[PDB]
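J.: Take this structure first; my questions come after.
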Amino acid sequence: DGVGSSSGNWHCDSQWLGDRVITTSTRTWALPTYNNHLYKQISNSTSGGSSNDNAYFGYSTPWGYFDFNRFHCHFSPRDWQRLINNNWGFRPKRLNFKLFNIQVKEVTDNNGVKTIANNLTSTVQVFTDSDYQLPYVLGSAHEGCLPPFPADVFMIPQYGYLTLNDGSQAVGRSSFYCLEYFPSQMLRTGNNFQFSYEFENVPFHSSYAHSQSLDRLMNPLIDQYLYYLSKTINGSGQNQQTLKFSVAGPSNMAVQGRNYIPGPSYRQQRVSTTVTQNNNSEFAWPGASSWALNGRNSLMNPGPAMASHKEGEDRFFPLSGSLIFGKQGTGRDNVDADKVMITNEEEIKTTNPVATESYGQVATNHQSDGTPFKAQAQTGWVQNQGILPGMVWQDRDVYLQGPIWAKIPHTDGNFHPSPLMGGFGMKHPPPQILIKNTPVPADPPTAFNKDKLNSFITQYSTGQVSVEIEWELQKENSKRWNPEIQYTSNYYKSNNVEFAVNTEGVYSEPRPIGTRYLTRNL
Amino acid sequence: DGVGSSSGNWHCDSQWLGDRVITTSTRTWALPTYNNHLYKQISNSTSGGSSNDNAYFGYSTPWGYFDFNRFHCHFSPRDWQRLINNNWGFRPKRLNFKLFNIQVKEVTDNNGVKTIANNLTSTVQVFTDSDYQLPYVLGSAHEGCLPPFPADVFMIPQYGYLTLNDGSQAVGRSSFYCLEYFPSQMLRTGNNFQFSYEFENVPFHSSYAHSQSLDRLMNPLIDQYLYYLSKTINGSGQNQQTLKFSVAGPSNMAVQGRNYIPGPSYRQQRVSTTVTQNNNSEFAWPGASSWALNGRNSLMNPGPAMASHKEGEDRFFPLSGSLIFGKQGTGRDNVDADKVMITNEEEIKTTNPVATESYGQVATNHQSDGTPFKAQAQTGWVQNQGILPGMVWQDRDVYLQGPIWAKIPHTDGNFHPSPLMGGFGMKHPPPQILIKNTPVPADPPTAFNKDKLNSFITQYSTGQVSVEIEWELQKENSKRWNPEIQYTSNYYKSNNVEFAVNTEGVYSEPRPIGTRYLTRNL
Amino acid sequence: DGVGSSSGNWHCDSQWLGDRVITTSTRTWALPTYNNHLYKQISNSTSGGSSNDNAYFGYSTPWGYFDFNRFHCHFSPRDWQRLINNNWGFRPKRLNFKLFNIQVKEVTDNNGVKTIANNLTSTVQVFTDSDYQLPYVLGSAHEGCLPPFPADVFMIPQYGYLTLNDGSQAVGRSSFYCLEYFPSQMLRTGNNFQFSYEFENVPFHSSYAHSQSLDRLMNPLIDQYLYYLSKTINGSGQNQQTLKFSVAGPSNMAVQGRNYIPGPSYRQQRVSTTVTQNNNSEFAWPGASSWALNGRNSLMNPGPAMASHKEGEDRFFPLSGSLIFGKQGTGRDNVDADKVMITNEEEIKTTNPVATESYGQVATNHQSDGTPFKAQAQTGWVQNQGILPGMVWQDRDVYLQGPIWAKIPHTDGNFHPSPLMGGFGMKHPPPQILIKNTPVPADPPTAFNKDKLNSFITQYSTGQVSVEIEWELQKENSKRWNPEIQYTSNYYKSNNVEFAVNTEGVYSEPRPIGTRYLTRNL
């Protein structure tokens, strides 16, 4: 436990012990000095102004935090392929976290010459928010995760949070959090940090696609014993009203009585990847589904889990109803459609309604012959449908580069708190691990000054972080006779191997990989 | 356990042991050879074509299956009357199933003369899908159940199933199931089959009607301590705006604050049994409520549990919001209204909204005097209302000829998975019992041929099936003073006794019998 | 154990218990009377004459035999997909065989009317050749196996064998075997037959493809410490002979010294599936590789395991170097290339030489300047290469519809006795199970006659056969980062599901499935 002794080893592999997977990931991180050791109030005013919908108020802290809330942080693409091709479900069970091999380095820039030296006596501060007393910024699909490639060195993102705002201003209910008010472990080189976390009970993720649709669960050979209204008029002419009933059978599956109905919907605008088929107007914001909160409009993104498109309409995607990942090297603003990877939520069209279609039709009046307007039967489209009893649905798929978990907001009530971006919703998710370099002041004046010191030695830290997660598996025991669909590589020759490095050593993920390849009955 | 020894006895009675009922039913079945021992791919194309909404893809198997998912399979009408007149609730607890007295018979048709002989060495195959690995076709309200009359001999329906389809075609995710891939018990004459099943915990069915409505739960003698806005203008004329408040009391029950609100609605078209009152147009399909799934429209039938009609409007029924049973001898297509029995869901008007009415009104704008349009208060009808917190409702009633249970689809999420057609929703319902005659080939050629044999001895099997179900009872302990409504026969003379046989030995059920005759408070 | 009691149950499923698979298959068979209960000498003369290469001598017995020496007899396509996608190797360990539900039926044809009746007292004879005293006809890729689809009823093939021949004649060393000279179990209806067999130790089948080639096993960054002759002349002109040596390095991988060399070769003629590229002549027999035995030419089919084609030359296949399976419904003679499925042995091009190429070049002379002919260095192509020390190779792949095992001939010596058609070579394979209906004579004359009876009651038997095989698994533990190639179905829509039945109930296997999808290093 000294300068010349390593405080940990590199553990990066996966063990498949039957119904369990234990994934271990080790990475090398670099933590700079954020905010010059200061807490700073931030708002849209300090960011250059914005609209009402984009107004915010918060604080940026000098702390960094560790993010491993993405599946590629733990699963290699081959491990992901094994998991998705051989299992009907999975869920996290246990977590082990390690910080070790801490190195604090001081940087001196004299006459433009940058020299870096070791600071053996400097300390790095780390603690976990095990009581969830801090704002939870994981589960917001942020950058700064452990890189998917184990050989990549990553920078720890800076921790900030938002509070209640009235425009760019704060209200009396706004909370300010000082992270130095928490007990934290102080680490010199030779010290290591470790903590274990047990995942709370969450349902298995449905890593399967249904081979039956909700409207085709009947026996296609046997009639029903239920009748339906099939004819209301005997023919053309006046006063031909009648009531005729027929048996609902295989020839007319649409009218058959059913026990369960598709899940809820919140219609999204339909956008074509073939740009010539889209309207010649700007409708990204104006034509998007949204919800209002305290007078602020927020995009419904990705919203309720719905089928991306109908059968054969692969070129259509909902405006903001799907996760859109960026390809390697993709820029930040105004990138083309070929530089992004739009996830396709088609496997749930068997139970979930299509995102870009109406849920259905409802009657809107009373048809009558008189007493005295002679109104015909009128129907209206259902653009948004809330939860009804007897409704079943599938949640959004998880992806190799997608999020794993989210914190369920602490509220009086929630319904199906599975995160909308996909993953496992927990009231007590893995706690935030916050890290920060302890400030080392420069030489103070020889005469006392009451002002806080504002000159510090330039410093940064580096080290290794190890995350070990044990996942429970739900083995598939299907009796299906024909072979299933599996995720596979394509044998055809290419310049580069997919999910490998290119000639410049740049690792890339060419496509998003879901979990729903195996098949289950409804 | 031989040819000359019976392998079981006839058990058909009910025992009322206080808080439990044990119903036993024995029937004689006949199982033919289905599909000539073949699995056949079926689709709407092979059925003669159809529309997009009626397209399907699946397989017809040579197997038959046992159906007893109807209440008249276990309850005699007198037993049903006892149950509905003396109990506030009931639910299944245990199941016992028996197959015995198997007789396999061979049929030879020589020169048009049909002679039937015993085949003592032939075998019948039976197994239960206890792991739910096969598509579940029970819970689709299909024919082929055990006949309500114990003296009737019934034919076992053929088992088929549907998979994913793209029109009449299959997709790569479509599953083919071979039922010979399951271990099954092989029965000659003298062998019997038996298995027991324990029903999973389900809520008691509400076999009661509420004597209080949701909007009349207050004390009709005492005022509330809450106020409501009663007047907004002092009188006729300009600039008369004001705000007047009044105590919500017995004189104005409509404006009283309430804790709970009626359940969800999905408006249905209103149809009159008096055909002269209906519109002179065809609106059975065009005017019907529906939901869309993968671009296919399916009738909302019967949909969410809603009151069939308002008070006094017994002639009105929702277009597809109620179960319609056929009378004895009713044909298949285009039968008159007198040949069907339309169930009436009126007992739930105390908590559930009327199926053919709007849920209510919601404000659609901001009323104002200016700043500058002078908009009045505008309201819009709510045709469909999803689940809101604080909402209570009653599920659909069960009937003597209605279904008992349904399999909850295996999905990530569901809400109130009680089946919409009525009954008990279970994740592990009673398993499908599949039966099939083992093929007995005719004489093969004396020279080897690699082709599968396609000439078989014509065979069918017959036997007895016994189903014993134990039901838990919820005894009523009402303190109501006046006598209750009970189901009763009418003493008035008639040509035939109801729920008996006619002069030709034809058993008939004259009317549908619900469960909601006793009374409970809200 | 009587007429009215079943003697066994239908067992058809697979259990995946980690490192083991237990596949159980049950089928319905039909055994006719073969050869009219007679042993008949057969030869090419009795078959209508032939050439010298096709001459044979043998006997056809009245016995049938059970064949399950094909992988689709035990593995469903989904089980095969699991095995090939998740395992690096497999091998059989144990066998269990069952005959039960025997039914012997007599056929009487009076005046052209065929009536089939049960013969309860008739007996079926079955025994296993556990001592391998009979000629072994399994392992010859014959028809008559258990059908891949469990619902198909198959006819048991007739047992025959060949002995030494001189043309159509026999020699003194020819052996005649009477199968009634073996003790056999006699089964009436109600009797069952069972025996267990333990597979002898065989190597795991290599169900993987190499990700490294034999000529690319070096470090591509480091030179070798070995030198090679790079230049023999200083330039153009007389008397320019020299000897220059260079380091074998990454720039010249062809000349690097290597420890191991590709396996043996026996060149095959190259045939193009594009018929316009083939020579306009008949070369199927004349241009084929063959071996001679006692003056008889036999096709080298499929011969030593060699790569089917070079990279990119998928249209080329060796003339007789690959297994060619027939599609469902394919005829017997002169069928088109689209009616057969030619297996492609491309995964072994990393270690095995291409079947249609020369093994390499060898020097054929001494180059010299004189003493006095001035001979240049001459090389000759190696069309066939025997085993050399330091040679490594991969055996032929196994297929879902391919053979499982073969009997190693009882000889003084053999090398690598893995069967050339693919599978596991055993000195004591699963024994032949031979079955035959016991002859039931018709009414004999009332006066004694010494001649053997030649009038018998026409009879055939039917029943069920159960085969259970336990396979050991070699789990893969690869550290490869990128996803692997897996066998998968294609999601694209089609008229029929692959590996399912069509609209006429005809099961088909659309393509051959190998075992080599996972990846291993060399």
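Scheme for the structure tokens: letters A, B, ... for chains in order shown; per-chain residue numbers from 1; ligand numbers from 1 in order shown.
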Name all residues at most 10 Å from segment 426-434 of chain B (count only C-alpha atoms; drop same-chain ones fewer than 5 positions away) and give them as an MDAnalysis selection string.

T.: chainID B and resid 63:69 94:95 97 125:132 134:139 156 158:159 179 184 195:202 405:410 417:419

J.: Go ahead and save the picked residues with C-alpha atoms, as a compact mmCIF listing (two decimals), in the first residue's frame.

T.:
```txt
# COMPACT_ATOMS: atom_id res chain seq x y z
CA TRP B 63 -54.23 -33.16 -33.31
CA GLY B 64 -57.43 -32.52 -31.43
CA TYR B 65 -57.69 -30.66 -28.15
CA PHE B 66 -60.04 -30.74 -25.17
CA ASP B 67 -61.99 -27.57 -24.41
CA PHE B 68 -63.88 -27.02 -21.16
CA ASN B 69 -63.38 -23.24 -20.94
CA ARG B 94 -58.14 -26.90 -8.42
CA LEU B 95 -58.59 -29.02 -11.53
CA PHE B 97 -58.81 -34.24 -15.62
CA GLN B 125 -51.82 -40.14 -28.08
CA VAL B 126 -52.45 -37.49 -25.42
CA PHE B 127 -50.29 -34.90 -23.68
CA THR B 128 -50.69 -31.64 -21.79
CA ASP B 129 -48.80 -28.46 -22.66
CA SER B 130 -47.83 -27.85 -19.05
CA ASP B 131 -44.89 -25.63 -20.05
CA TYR B 132 -47.07 -23.43 -22.31
CA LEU B 134 -47.47 -24.15 -27.80
CA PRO B 135 -49.74 -21.37 -29.06
CA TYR B 136 -52.72 -21.10 -26.72
CA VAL B 137 -56.00 -21.36 -28.64
CA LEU B 138 -58.24 -21.62 -25.60
CA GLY B 139 -59.46 -18.25 -24.45
CA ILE B 156 -63.13 -33.03 -30.45
CA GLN B 158 -58.99 -29.86 -34.52
CA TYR B 159 -55.98 -27.97 -33.21
CA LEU B 179 -46.71 -31.54 -31.74
CA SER B 184 -47.01 -37.86 -25.03
CA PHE B 195 -53.45 -35.08 -14.55
CA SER B 196 -54.11 -32.48 -11.86
CA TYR B 197 -53.73 -28.72 -12.16
CA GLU B 198 -53.78 -26.05 -9.46
CA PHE B 199 -55.25 -22.71 -10.49
CA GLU B 200 -52.99 -19.78 -9.76
CA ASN B 201 -54.29 -17.09 -7.43
CA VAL B 202 -56.90 -14.96 -9.20
CA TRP B 405 -60.42 -18.20 -18.16
CA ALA B 406 -57.91 -16.81 -20.63
CA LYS B 407 -54.14 -16.86 -20.89
CA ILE B 408 -52.55 -13.48 -20.22
CA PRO B 409 -50.16 -12.83 -23.14
CA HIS B 410 -46.51 -13.14 -22.17
CA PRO B 417 -55.19 -8.46 -17.25
CA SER B 418 -58.72 -9.66 -16.57
CA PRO B 419 -59.96 -10.97 -19.95
```

J.: Restrict the calculation to only C-alpha atoms, then for each residue of chain A with any atom at most 7 Å from an atom of chain C give the closest atom pair and their distance in Å to one decimal, rows by chain and rising residue number, as JSON lines.

T.:
```
{"residue": "A:76", "atom": "CA", "partner": "C:481", "partner_atom": "CA", "distance": 6.2}
{"residue": "A:77", "atom": "CA", "partner": "C:483", "partner_atom": "CA", "distance": 5.5}
{"residue": "A:78", "atom": "CA", "partner": "C:483", "partner_atom": "CA", "distance": 4.2}
{"residue": "A:81", "atom": "CA", "partner": "C:483", "partner_atom": "CA", "distance": 6.2}
{"residue": "A:480", "atom": "CA", "partner": "C:78", "partner_atom": "CA", "distance": 6.9}
{"residue": "A:481", "atom": "CA", "partner": "C:78", "partner_atom": "CA", "distance": 5.7}
{"residue": "A:482", "atom": "CA", "partner": "C:499", "partner_atom": "CA", "distance": 5.2}
{"residue": "A:483", "atom": "CA", "partner": "C:78", "partner_atom": "CA", "distance": 4.2}
{"residue": "A:484", "atom": "CA", "partner": "C:489", "partner_atom": "CA", "distance": 5.7}
{"residue": "A:485", "atom": "CA", "partner": "C:489", "partner_atom": "CA", "distance": 4.8}
{"residue": "A:486", "atom": "CA", "partner": "C:488", "partner_atom": "CA", "distance": 5.0}
{"residue": "A:488", "atom": "CA", "partner": "C:485", "partner_atom": "CA", "distance": 4.9}
{"residue": "A:489", "atom": "CA", "partner": "C:485", "partner_atom": "CA", "distance": 4.8}
{"residue": "A:490", "atom": "CA", "partner": "C:485", "partner_atom": "CA", "distance": 6.8}
{"residue": "A:498", "atom": "CA", "partner": "C:482", "partner_atom": "CA", "distance": 6.7}
{"residue": "A:499", "atom": "CA", "partner": "C:482", "partner_atom": "CA", "distance": 5.2}
{"residue": "A:500", "atom": "CA", "partner": "C:482", "partner_atom": "CA", "distance": 6.5}
```

J.: Can I get the selected residues back with N, CA, C and O atoms, as an mmCIF file, in the first residue's frame?

T.:
```
data_model
loop_
_atom_site.group_PDB
_atom_site.id
_atom_site.type_symbol
_atom_site.label_atom_id
_atom_site.label_comp_id
_atom_site.auth_asym_id
_atom_site.auth_seq_id
_atom_site.Cartn_x
_atom_site.Cartn_y
_atom_site.Cartn_z
ATOM 1 N N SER A 76 -18.702 -7.033 -24.500
ATOM 2 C CA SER A 76 -18.100 -6.995 -25.814
ATOM 3 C C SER A 76 -19.145 -7.405 -26.846
ATOM 4 O O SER A 76 -20.128 -8.067 -26.512
ATOM 5 N N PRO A 77 -18.972 -7.002 -28.106
ATOM 6 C CA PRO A 77 -19.968 -7.381 -29.121
ATOM 7 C C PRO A 77 -20.177 -8.881 -29.234
ATOM 8 O O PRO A 77 -21.304 -9.321 -29.483
ATOM 9 N N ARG A 78 -19.129 -9.684 -29.054
ATOM 10 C CA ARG A 78 -19.302 -11.133 -29.063
ATOM 11 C C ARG A 78 -20.104 -11.606 -27.854
ATOM 12 O O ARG A 78 -20.970 -12.480 -27.977
ATOM 13 N N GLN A 81 -23.618 -10.765 -28.522
ATOM 14 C CA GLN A 81 -24.201 -11.718 -29.458
ATOM 15 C C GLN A 81 -24.593 -13.009 -28.755
ATOM 16 O O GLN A 81 -25.683 -13.541 -28.987
ATOM 17 N N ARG A 480 -40.047 -24.543 -30.762
ATOM 18 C CA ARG A 480 -40.165 -24.210 -32.173
ATOM 19 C C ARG A 480 -39.295 -25.139 -33.009
ATOM 20 O O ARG A 480 -38.168 -25.468 -32.633
ATOM 21 N N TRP A 481 -39.830 -25.577 -34.150
ATOM 22 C CA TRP A 481 -39.140 -26.582 -34.949
ATOM 23 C C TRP A 481 -38.140 -25.958 -35.916
ATOM 24 O O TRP A 481 -37.010 -26.437 -36.033
ATOM 25 N N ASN A 482 -38.536 -24.907 -36.615
ATOM 26 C CA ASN A 482 -37.666 -24.295 -37.603
ATOM 27 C C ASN A 482 -36.596 -23.437 -36.930
ATOM 28 O O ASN A 482 -36.786 -22.962 -35.809
ATOM 29 N N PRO A 483 -35.454 -23.238 -37.587
ATOM 30 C CA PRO A 483 -34.393 -22.425 -36.984
ATOM 31 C C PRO A 483 -34.830 -20.984 -36.775
ATOM 32 O O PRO A 483 -35.660 -20.445 -37.509
ATOM 33 N N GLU A 484 -34.253 -20.364 -35.752
ATOM 34 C CA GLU A 484 -34.588 -19.007 -35.357
ATOM 35 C C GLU A 484 -33.728 -17.991 -36.100
ATOM 36 O O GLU A 484 -32.759 -18.329 -36.781
ATOM 37 N N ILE A 485 -34.101 -16.725 -35.961
ATOM 38 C CA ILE A 485 -33.270 -15.625 -36.430
ATOM 39 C C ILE A 485 -32.227 -15.320 -35.366
ATOM 40 O O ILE A 485 -32.547 -15.206 -34.178
ATOM 41 N N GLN A 486 -30.975 -15.201 -35.784
ATOM 42 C CA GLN A 486 -29.877 -14.896 -34.884
ATOM 43 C C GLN A 486 -29.106 -13.706 -35.426
ATOM 44 O O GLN A 486 -29.052 -13.488 -36.639
ATOM 45 N N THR A 488 -25.827 -12.130 -36.609
ATOM 46 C CA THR A 488 -24.638 -12.733 -37.183
ATOM 47 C C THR A 488 -23.849 -11.678 -37.937
ATOM 48 O O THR A 488 -24.401 -10.681 -38.407
ATOM 49 N N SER A 489 -22.545 -11.906 -38.035
ATOM 50 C CA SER A 489 -21.729 -11.143 -38.958
ATOM 51 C C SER A 489 -21.949 -11.649 -40.379
ATOM 52 O O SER A 489 -22.405 -12.773 -40.604
ATOM 53 N N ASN A 490 -21.625 -10.802 -41.346
ATOM 54 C CA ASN A 490 -21.709 -11.164 -42.752
ATOM 55 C C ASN A 490 -20.335 -11.600 -43.236
ATOM 56 O O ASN A 490 -19.342 -10.900 -43.012
ATOM 57 N N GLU A 498 -15.990 -5.505 -38.795
ATOM 58 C CA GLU A 498 -16.973 -4.798 -37.987
ATOM 59 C C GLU A 498 -16.688 -5.004 -36.506
ATOM 60 O O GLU A 498 -16.279 -6.088 -36.082
ATOM 61 N N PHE A 499 -16.909 -3.949 -35.721
ATOM 62 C CA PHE A 499 -16.612 -3.945 -34.288
ATOM 63 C C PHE A 499 -15.134 -4.221 -34.027
ATOM 64 O O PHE A 499 -14.771 -4.970 -33.119
ATOM 65 N N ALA A 500 -14.275 -3.611 -34.838
ATOM 66 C CA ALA A 500 -12.833 -3.683 -34.666
ATOM 67 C C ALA A 500 -12.256 -2.299 -34.925
ATOM 68 O O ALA A 500 -12.986 -1.331 -35.139
#
```

J.: Which residues come within 10 Å of residue 400 of chain B, counting only C-alpha atoms, excluding same-chain residues fewer than 2 positions away, as a VMD selection string?

T.: chain B and resid 70 to 77 80 to 81 148 398 402 to 404 509 511 to 515

J.: Give me, please, the distance in Å between atom CA of residue 261 of chain A and atom CA of residue 305 of chain B, quoted to one decimal.

T.: 12.8 Å

J.: In Å to one decimal, how far is atom CA of residue 284 of chain A from atom CA of residue 356 of chain A?

T.: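 Computing it gives 14.7 Å between the two atoms.
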
J.: Can you pull out the residues contacting residue 320 of chain A? Cut-off 10 Å, using only C-alpha atoms, and skip same-chain residues under 4 positions away; I want them as number ranges by chain.

T.: A: 268-271, 284-285, 288-290, 299-303, 324, 355

J.: Would you kindly return, as a list in words, each protein, DNA or RNA residue with an atom no farther than 7 Å from any atom of residue 92 of chain B, considering only C-alpha atoms and excluding same-chain residues fewer than 5 positions away?

T.: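 The residues that qualify are residues 199, 469, 470, 471 and 472 of chain B.
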
J.: Leaving out residue 447 of chain B and any residue of its chain fewer than 4 positions from it, which residues lie within 10 Å of it when counting only C-alpha atoms, given as a list in words?

T.: residues 32, 33, 34, 35, 155, 157 and 158 of chain C

J.: Export, as a CSV table (one decimal), in the first residue's frame, the selected residues with N, CA and C atoms.

T.:
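File written: result.csv
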```
chain,number,residue,atom,x,y,z
C,32,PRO,N,-43.0,-54.5,-44.0
C,32,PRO,CA,-43.7,-55.5,-44.9
C,32,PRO,C,-43.0,-56.8,-44.8
C,33,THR,N,-43.5,-57.8,-45.6
C,33,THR,CA,-42.8,-59.0,-45.8
C,33,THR,C,-41.9,-58.9,-47.0
C,34,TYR,N,-40.6,-59.0,-46.7
C,34,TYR,CA,-39.6,-58.9,-47.8
C,34,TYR,C,-39.3,-60.2,-48.4
C,35,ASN,N,-39.1,-60.3,-49.7
C,35,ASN,CA,-38.6,-61.4,-50.4
C,35,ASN,C,-39.5,-62.7,-50.2
C,155,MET,N,-41.2,-46.6,-44.0
C,155,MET,CA,-41.1,-48.1,-44.3
C,155,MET,C,-39.7,-48.5,-44.0
C,157,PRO,N,-36.3,-50.4,-44.4
C,157,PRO,CA,-35.6,-50.9,-45.6
C,157,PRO,C,-35.2,-52.4,-45.4
C,158,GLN,N,-35.2,-53.0,-46.6
C,158,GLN,CA,-34.8,-54.5,-46.6
C,158,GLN,C,-33.3,-54.6,-46.5
```
